[PDB]
C-alpha cells in the first residue's frame, strides 16, 4: 500500500502543556501536494488481563475526567524511560492492584488514536497471581474489583465497558477462555 503513504517534509513540536505534547507536521501526500498533520506524542503503554485462580479477573474502577465518568478498566499505565512494556505491565499490576504474576504472555498491540496520537498499548495476559499491596501515587484514585468473565462480556454488550483497551481485553480473554485463541 505504498501508493497511500504520506512523506514527512517538516516537523515541529507545536505545543507542550502540563501533560500533552503536540507535533505538527507538513507531509507530501500521494497527490504530490502538502498537508498539515497534527498528533500527540505519547510514550506508549501496557495493559494486562490478570486472571485469578478462581477464574475471575482483577479489574479497577477509575474516574476519568476527560469523559467525566468512572470506567471499569483492566490495569494499565504508560511506558517509562523507554522500558520494555513487560516491565511496565508488571509494575502497574503491582501498584494499581497489589498483584504479581508468574506467567506473562504478550497478546497484541493496539493503537487507540490513529487519527491524532502515536500511542500504542501492548496487551498482556497475566496468570498465576499472588497478592501483596496496592501502592498508589498522589493524585491516583483506584478501586480494585474481581469480575467474572461471563459478567464482563454481558457488560460489554450492554455498553458498560466503553474503554477500548479494556473492551478489547475482554474479547481477547473470551477467545482465550473458549480455547479459540491460545
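Numbering follows the first chain given and starts at 1.
Engineer: Check the entry's C-alpha temperature factors for 162-170 and 16-24, then say which stretch has the higher mean.
Structural biologist: Mean B over CA atoms: larger for 16-24.
Engineer: Would you determine, from the values in the PDB entry, which of 152-160 and 127-135 has the greater average C-alpha temperature factor?
Structural biologist: Result of the comparison: 127-135.
Engineer: Divide the modelled residues of the chain into thirds by Cα B-factor and specify which third, lowest, middle or highest, holds residue 112.
Structural biologist: Lowest third of the chain for residue 112's C-alpha B-factor.
Engineer: What third of the chain does residue 38 rank in for C-alpha temperature factor, lowest, middle or highest?
Structural biologist: Answer is middle: the recorded C-alpha B-factor places it there.
Engineer: Taking the values exactly as deposited, rank residue 75 by C-alpha B-factor within its chain and report the matching third: lowest, middle or highest.
Structural biologist: Ranked within chain, residue 75 CA B lands in the lowest tercile.
Engineer: Sorting the chain's modelled residues by C-alpha B-factor, tell me whether residue 142 ends up in the lowest, middle or highest third.
Structural biologist: Top third by C-alpha B-factor.
Engineer: Ranked by Cα temperature factor within the chain, is residue 61 in the lowest third, the middle third or the highest third?
Structural biologist: Its C-alpha B-factor, which the entry lists for residue 61, ranks in the middle third among residues of this chain.
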